[PDB]
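Taken together, the values in this text are just the output of simple stated rules run on the coordinates, not laboratory data. Neighbour counts run over all protein chains shown; Cβ positions are idealised from the backbone, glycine included.
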Amino acid sequence: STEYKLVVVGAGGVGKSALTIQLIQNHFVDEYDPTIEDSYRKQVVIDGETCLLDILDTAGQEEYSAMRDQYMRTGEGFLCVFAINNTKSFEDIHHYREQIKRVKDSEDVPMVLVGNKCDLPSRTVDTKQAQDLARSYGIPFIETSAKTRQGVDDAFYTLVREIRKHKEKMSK
Ligand SMILES: Nc1nc2c(ncn2[C@@H]2O[C@H](COP(=O)(O)OP(=O)(O)NP(=O)(O)O)[C@@H](O)[C@H]2O)c(=O)[nH]1
Ligand SMILES: [Mg+2]
Ligand SMILES: [Mg+2]
């Protein structure tokens with residue numbers, strides 16, 4: 001049953017761990033417990049295929065460029081998370097994407113842009129700027145809330161679909 005290695009990247013506090021824990025354990029972690037590196041394995045069926053998701057939940061700011069290069073080299077595709085009330089988190093996406101491209105020596109890497117915390121009224125990142133950026137990069141954009149579970153399964157399942165597409169492309 002095909003294995004997909006998914007890496008959740010983004011600035012600190014955007015809800016990378018909350019999103020992942022909603023997917024794997026079906027509840028919302030209210031506390032902020034900063035991550036070092038966590039990994040999860042999970043069995044799912046997407047489009048009729050049984051997938052083993054190996055998900056790496058990364059740190060917000062890493063104490064080693066080597067740890068970062070390591071997860072960028074391993075990952076088959078990347079959930080690029082920002083929080084809709086954190087402009088710098090959104091701005092950081094470009095920088096994560098650049099480093100991923102450079103680490104893999106490739107211009108086409110499977111990725112989904114995730115605007116988390118869509119439940120908050122405190123928005124500083126507009127859905128159009130995010131849609132524009134994704135459109136530029138040629139990747140899907142999904143708005144999510146780890147608190148309500150809105151879009152959570154959509155985000156990870158879409159990333160799997162992106163990986164499947166990339167493999168089909170790389171062979172053609
Ligand atoms: N309102 C709301 N809060 C959220 C959402 N997702 C995460 N949070 C909250 O934001 C805080 C940080 O979440 P967390 O998942 O730990 O962020 P992280 O991106 O994993 N942080 P780090 O990079 O340090 O590990 C927590 O208090 C959490 O409850 C969401 O969709 N909505
Ligand atoms: Mg975390
Ligand atoms: Mg980070």
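Details
- Some residue of segment 54-65 being more than 13 Å from ligand 1 (Cβ to nearest atom) and in a helix (DSSP H, G or I): yes
- The condition of being more than 16 Å from ligand 2 (Cβ to nearest atom) and surrounded by 13 or more Cβ atoms within 10 Å (Cβ to Cβ) holds for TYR4.
- Qualifying residue in segment 114-125 (condition: in contact (Cβ under 8 Å) with a residue 40 or more places away in the chain, touching a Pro at 6+ places or on another chain (Cβ under 6 Å) and either within 26 Å of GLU62 (Cβ to Cβ) or not aromatic (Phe, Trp, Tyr) (or both)): no
- Residue ID - nearest to the chain's Cα centre (by Cα), chosen from residues in segment 11-48 that are near ligand 2 (Cβ under 9 Å from one of its atoms), part of a loop (DSSP other than H, G, I, E, B) and not β-branched (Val, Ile, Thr): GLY15
- Candidate set: segment 31-87, residues that are of a type in the set (A, V, I, L, M) and closer than 18 Å to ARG102 by Cα; chosen: the one surrounded by the fewest Cβ atoms within 10 Å (Cβ to Cβ): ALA66
- Matching strands (runs of 3 or more DSSP E) fully within segment 71-156 where at least 2 residues are among the small types (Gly, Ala, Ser): 77-83
- Filter result for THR74 (more than 11 Å from ligand 3 (Cβ to nearest atom), under 25 Å from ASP108 (Cα atoms) and over 16 Å from the mean Cα position of the chain (by Cα)): no
- Candidates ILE100, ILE93 - the one that is within 16 Å of ligand 3 (Cβ to nearest atom), in contact with a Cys (Cβ under 6 Å, 6 or more places away or on another chain) and either within 15 Å of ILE163 (Cβ to Cβ) or in contact (Cβ under 8 Å) with a residue 60 or more places away in the chain (or both): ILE93
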